[PDB]
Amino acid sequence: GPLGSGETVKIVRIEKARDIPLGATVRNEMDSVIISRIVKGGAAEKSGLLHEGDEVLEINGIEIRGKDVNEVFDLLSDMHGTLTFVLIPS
């Protein structure tokens, strides 16, 4: 710091229902995918484990870094069950 991506990752498990969004939004900062806002009452809020500024590296073994958020949107819409996120916390 300030250079380089640091010495920590955070792994979180969150339950997603079929065909219902987890209730978090994402944006790109270039290749990266960053949690932006949280839906009130949704699975992400209830978990307390996803926050603004968290960078999503991987979900369930899928490399998320480098994807446009339009691609991430489509991928997550096809997922359910326990999702394991690998994050760089804000």
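Residue numbers here begin at 1 and follow the sequence given. Here the rigid core means the biggest group of C-alpha atoms that line up within 1.5 Å when the two forms are laid on top of each other.
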When the rigid core is fixed in 4 other deposited structures of this protein, C-alphas move more for 34-42 or 56-64; answer is 34-42
From the list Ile59, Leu49, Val33, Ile38, select the residue with the highest C-alpha B factor recorded in the entry. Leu49
According to the PDB entry, is the CA B factor of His80 in the bottom, middle or top third of its chain, that is, lowest, middle or highest? middle
Sorting the chain's CA B-factors, does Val86 end up in the lowest, middle or highest third? lowest
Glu29 CA temperature factor, ranked by third within the chain: highest
